[PDB]
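Chains as they are written, first to last, in the entry's author numbering: chain A, 1 to 306; chain A', 1 to 306. A prime marks a further copy of an entry chain. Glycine residues also receive a C-beta, built at the ideal position from the N, C-alpha and C atoms. Have a look at the structure below, then the notes.
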């Protein structure tokens with residue numbers, strides 16, 4: 001028993017982290033097959049980041065301007081290209097530690113594990129959710145750019161995130177591994193704001209199911225509700241609207257716990273309207289929304305990976 | 001910027017997880033050099049766990065009764081011994097993935113990363129603290145026994161925990177890698193209770209320092225206090241007494257933030273006496289005590305590992 005915010009095992013991703021240096025800027029790169037992926041702003045100076053013309057800046061750069069280092073070995077770069085906001089450097093040797101992998105663009109509300117790295121060296125691993133406003137609340141210091149977020153499916157690493165910027169808000173933005181930013185953000189040091197950050201309702205419901213599974217049943221009320229009345233309540237509290245797709249996704253936990261989804265919705269509505277009165281649920285005094293139903297099922301019956 | 005409960009990279013530990021089966025019971029083992037370490041209750045039946053004589057039970061067992069499997073390869077066991085509550089099985093091949101490692105017995109209040117495994121396969125990684133009552137609040141399902149907790153110091157894995165039991169409380173107990181339990185717990189299915197679980201005061205102080213570093217300064221008050229008056233307040237709220245050793249340990253963060261330790265103690269005392277009034281600190285509506293000052297320094301200036 002027990003419920004914890006849990007990240008995937010990170011060894012297969014550790015095997016792919018390298019250090020990319022261009023000019024005086026050093027960040028992290030992802031070395032898969034004979035290609036190293038990294039943020040393109042590796043070619044920027046500190047002054048260039050205020051208003052960068054990435055095409056003109058990249059044109060001043062040649063293959064030998066990019067120093068790629070795996071541990072303490074040096075990779076020879078034989079070509080470079082810019083795919084959206086990512087730089088792809090073709091190297092002479094394919095990574096012998098390349099895992100079976102895929103590039104995926106996750107949906108808002110989905111979760112992934114971030115391997116925070118510095119100078120190409122992994123430093124930590126933690127779980128994150130792509131917020132509805134397409135930011136993430138991470139732990140990223142200077143030099144962490146190029147760190148990646150991923151999911152593991154037994155043997156296959158699905159990379160979904162590469163970290164590019166910290167907004168003046170303190171939250172973080174990044175791209176998929178094809179270089180397309182999540183959200184309306186751009187890789188320049190300018191005033192950028194993420195919109196209203198709503199709460200992932202289906203995730204909170206899955207978390208309440210996990211709580212019930214682990215013995216925390218105090219919030220279970222005598223009420224039920226309708227989907228439309230629940231959404232009425234959800235819009236007042238900045239909760240994303242609940243759909244029948246969400247109900248179907250929650251199906252399995254409802255069958256395991258014997259609690260209909262709309263009864264859980266009524267309990268959540270009472271929680272939103274009257275607070276928690278100084279109590280805790282699964283050791284938290286807030287409603288947690290960074291656990292998908294998939295996460296809950298996986299951690300409540302314990303699936304493993306390669 | 002940002003602050004997250006963050007675990008160590010787990011690849012070096014993943015390389016050492018094997019599956020140990022005795023009779024009908026299968027759990028996880030730690031394969032270092034030519035020795036596999038596992039909980040001794042691997043030799044117990046479900047009925048034996050109610051009152052086990054481990055010496056008599058182990059005497060009915062021979063080397064060939066222990067099946068050790070690394071991935072899908074089988075290890076030949078050439079000897080077995082019982083060190084306190086751990087079984088040590090000598091195998092014929094030394095683990096080629098053995099990292100530089102140490103066995104350490106951590107102190108209450110210290111933290112470590114747990115690699116939750118099932119059938120010798122790593123499934124997740126999360127950060128835990130050894131509670132003052134020598135339990136941990138983890139996520140452990142059936143088959144998770146033998147999962148290990150560790151710390152990483154650049155190249156060296158310090159193993160400190162092996163998971164043996166879930167108490168009827170729902171919290172978890174285990175041993176060091178020499179087989180000595182943390183706390184007064186024994187490996188039999190009987191009524192076992194952990195004492196009062198106090199809050200690690202120095203950890204909460206480090207967490208408040210981390211919050212100040214990350215821009216959350218609302219709790220900084222106009223008061224200061226004495227160590228003895230602060231402990232007066234701490235004993236009422238089940239906080240472990242603060243010592244001058246704790247003040248010295250907090251020294252560096254006090255120098256970084258410009259906030260004396262006793263002023264932070266006064267702020268924490270006001271928080272304890274008047275609650276949080278529906279506010280949050282670092283995204284939490286409770287006082288967090290699972291971050292050591294070492295964790296805070298590491299995550300606020302970003303040290304890396306091999």
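Is residue 40 of chain A' closer than 8 angstroms to residue 54 of chain A' when the C-beta atoms are compared? In the second chain, counting from the first residue as 1, residue 54 of chain A' sits at position 54. In the second chain, counting from the first residue as 1, residue 40 of chain A' sits at position 40. Yes, the Cβ-Cβ distance between residue 54 of chain A' and residue 40 of chain A' is below 8 angstroms.
Using a Cβ-Cβ cut-off of less than 7 angstroms, list which residues of the region 127-139 of chain A' approach chain A; keep chain order. 137, 138, 139
Outcome for residue 324 of chain A' when other beta-carbon atoms lying within 10 angstroms are tallied against a minimum of 16: Residue 324 of chain A' is absent from the model: chain A' starts at 1 and stops at 306.
Is residue 252 of chain A' close to chain A, meaning its C-beta is less than 8 angstroms from at least one C-beta of that chain? Sequence index remark: in the second chain, residue 252 of chain A' carries index 252 (1-based). No, no contact with chain A.
Taking just the CA atoms, how far does residue 36 of chain A sit from residue 215 of chain A'? Here residue 215 of chain A' refers to the residue found at position 215 when the second chain is read from its first residue. Here residue 36 of chain A refers to the residue found at position 36 when the first chain is read from its first residue. Between residue 215 of chain A' and residue 36 of chain A, the C-alpha separation is close to 35 angstroms.
Since residue 289 of chain A' and residue 200 of chain A' should fall inside the 8 angstroms C-beta cutoff, what is the C-beta to C-beta distance between them, to a whole number of angstroms? If you number the second chain from 1, residue 289 of chain A' lands on position 289. If you number the second chain from 1, residue 200 of chain A' lands on position 200. Indeed they touch by this definition, with Cβ atoms about 4 angstroms apart.
Where the region 214-237 of chain A meets chain A': residues whose CB sits under 9 angstroms from a CB there: 214, 215
Option in A:132, A:180, A:140 with minimal Cα separation from residue 125 of chain A: Sequence index remark: in the first chain, residue 125 of chain A carries index 125 (1-based). With distances taken between Cα atoms, residue 125 of chain A lies closest to A:140.
Report the CB separation of residue 157 of chain A' from residue 13 of chain A' in whole angstroms; it is logged as a contact under 8 angstroms. Locating residue 157 of chain A' in the second chain gives position 157, where the first residue counts as 1. Locating residue 13 of chain A' in the second chain gives position 13, where the first residue counts as 1. Indeed they touch by this definition, with Cβ atoms about 6 angstroms apart.
Quick check on residue 287 of chain A: buried or exposed, where buried means 16 or more other Cβ atoms within 10 Å of its Cβ? By 1-based counting over the first chain, the position of residue 287 of chain A is 287. Classification of residue 287 of chain A: buried, given that the 10 Å Cβ count is 16 or more.
Based on Cα-Cα distance, which residue from A':240, A':69, A':255, A':7 lies nearest to residue 198 of chain A'? By 1-based counting over the second chain, the position of residue 198 of chain A' is 198. Ranking A':240, A':69, A':255, A':7 by Cα distance to residue 198 of chain A' puts A':240 first.
Quick check: is the beta carbon of residue 163 of chain A' nearer than 8 angstroms to any beta carbon in chain A? Against the second chain, residue 163 of chain A' aligns to sequence position 163. No, because no Cβ of chain A sits closer than 8 angstroms to the Cβ of residue 163 of chain A'.
Looking at the secondary structure, which residues open and close the alpha helix (DSSP H) in which residue 193 of chain A lies? Within the first chain, numbered from 1, the residue matching residue 193 of chain A stands at position 193. Premise fails: residue 193 of chain A is in no alpha helix (DSSP H) and is neither H nor E.
Got a sec: does the ligand SAM put a non-hydrogen atom nearer than 7 angstroms to the Cβ of residue 138 of chain A'? The model depicted lacks the ligand SAM and carries no ligand whatsoever.
Give the straight-line distance between the Cα atoms of residue 62 of chain A and residue 160 of chain A, rounded to the nearest whole angstrom. Counted from its first residue, the first chain places residue 62 of chain A at position 62. Counted from its first residue, the first chain places residue 160 of chain A at position 160. When rounded, the distance between both Cα atoms is 28 angstroms.
Any idea if residue 144 of chain A is buried or exposed, counting beta-carbon neighbours within 10 angstroms, 16 or more meaning buried? Taking the first residue of the first chain as position 1, residue 144 of chain A is located at position 144. It counts as buried.
I'd like to know whether the C-beta of residue 95 of chain A' is nearer than 8 angstroms to at least one C-beta of chain A. Start at 1 with the first residue of the second chain, and residue 95 of chain A' comes out as number 95. With 8 angstroms as the cut-off, residue 95 of chain A' does not count as an interface residue toward chain A.
For residue 237 of chain A and residue 212 of chain A', what's the separation of their Cα atoms in angstroms? Numbered from 1 along the first chain, position 237 holds the residue referred to as residue 237 of chain A. Numbered from 1 along the second chain, position 212 holds the residue referred to as residue 212 of chain A'. Whole-angstrom Cα-Cα distance: 28 angstroms.
With 16 other CB atoms within 10 Å as the buried threshold, where does residue 68 of chain A fall? In the first chain, the residue the question calls residue 68 of chain A occupies position 68. Per the 10 Å Cβ criterion, buried.
For residue 101 of chain A' and chain A, any beta-carbon pair shorter than 8 angstroms? The sequence position of residue 101 of chain A' within the second chain is 101, counting from 1. With 8 angstroms as the cut-off, residue 101 of chain A' does not count as an interface residue toward chain A.
If I follow the unbroken alpha helix (DSSP H) through residue 300 of chain A', where does it start and stop? Within the second chain, residue 300 of chain A' is the residue found at index 300, counting from 1. Element bounds for residue 300 of chain A': 293-301.
What's the gap between the Cα of residue 166 of chain A' and the Cα of residue 3 of chain A? Numbered from 1 along the second chain, position 166 holds the residue referred to as residue 166 of chain A'. Numbered from 1 along the first chain, position 3 holds the residue referred to as residue 3 of chain A. Each residue's Cα considered, the two are about 13 angstroms apart.
Quick one: which residues of the region 2-23 of chain A get their C-beta closer than 9 angstroms to a C-beta of chain A'? List them in chain order. 2, 3, 4, 5, 6, 7, 8, 9, 10, 11, 12, 13, 14, 15
Using the Cα positions of residue 138 of chain A' and residue 64 of chain A, report the straight-line distance between them to the nearest angstrom. Indexing the second chain from 1 puts residue 138 of chain A' at position 138. Indexing the first chain from 1 puts residue 64 of chain A at position 64. About 49 angstroms.
Hey, would you say residue 295 of chain A' sits closer than 8 angstroms to residue 111 of chain A', going by beta carbons? Taking the second chain and counting its residues from 1, one reaches residue 295 of chain A' at position 295. Taking the second chain and counting its residues from 1, one reaches residue 111 of chain A' at position 111. Yes, the Cβ-Cβ distance between residue 295 of chain A' and residue 111 of chain A' is below 8 angstroms.
Close Cβ partners of residue 131 of chain A' (< 6 angstroms) along its chain, the five nearest in sequence each way excluded: Locating residue 131 of chain A' in the second chain gives position 131, counting from the first residue. These residues qualify, in order along the chain: 197.
So, does the CB of residue 147 of chain A' fall closer than 8 angstroms to a CB anywhere in chain A? The count along the second chain starts at 1 and reaches residue 147 of chain A' at position 147. Answer no: the Cβ-Cβ gap between residue 147 of chain A' and chain A never drops below 8 angstroms.
Rounded C-beta distance between residue 8 of chain A' and residue 154 of chain A'? I'm assuming under 8 angstroms. Reading the second chain from its first residue, position 8 is the one you call residue 8 of chain A'. Reading the second chain from its first residue, position 154 is the one you call residue 154 of chain A'. Wrong, their Cβ atoms sit about 11 angstroms apart, outside the cutoff.
Quick one: is residue 17 of chain A buried, meaning 16 or more other Cβ sit within 10 Å of its Cβ, or exposed? Indexing the first chain from 1 puts residue 17 of chain A at position 17. The residue is buried, with at least 16 neighbouring Cβ atoms inside 10 Å.
Quick one: using the 10 Å Cβ neighbour count with 16 as the cut-off for buried, is residue 33 of chain A buried or exposed? Numbered from its first residue, the first chain carries residue 33 of chain A at position 33. By the neighbour-count rule (16 or more Cβ atoms within 10 Å), residue 33 of chain A is not buried but exposed.
Check the Cβ of residue 26 of chain A' against every Cβ in chain A and list those closer than 8 angstroms, keeping chain order. Residue mapping note: residue 26 of chain A' aligns to position 26 of the second chain, counting from 1. Neighbours of residue 26 of chain A' on chain A: none; closest Cβ ~13 angstroms, over 8 angstroms.
CA-to-CA distance, residue 90 of chain A' to residue 256 of chain A', given in whole angstroms: The count along the second chain starts at 1 and reaches residue 256 of chain A' at position 256. The count along the second chain starts at 1 and reaches residue 90 of chain A' at position 90. Spanning the two alpha carbons is a distance of roughly 49 angstroms.
Please work out which residues of its chain come closer than 7 angstroms, Cβ to Cβ, to residue 97 of chain A', disregarding the five sequence neighbours upstream and downstream, and give them in chain order. For the purposes of this step, residue 97 of chain A' is taken as residue 97 along the second chain, with counting starting at 1. Excluding sequence neighbours, residue 97 of chain A' sits near 15, 16.
Just verifying my parser: in three-state terms, what is the DSSP assignment at residue 155 of chain A? Looking up residue 155 of chain A in the first chain gives position 155. It is coil, neither helix nor strand.
Ranges of the alpha helix (DSSP H) found wholly within the region 52-76 of chain A', counting only runs of at least 4: 54-59
Shortest alpha-carbon distance to residue 129 of chain A' belongs to which of A':204, A':222, A':220? Residue 129 of chain A' sits at position 129 when you count from the first residue of the second chain. Taking only the C-alpha atoms, the option nearest residue 129 of chain A' is A':204.
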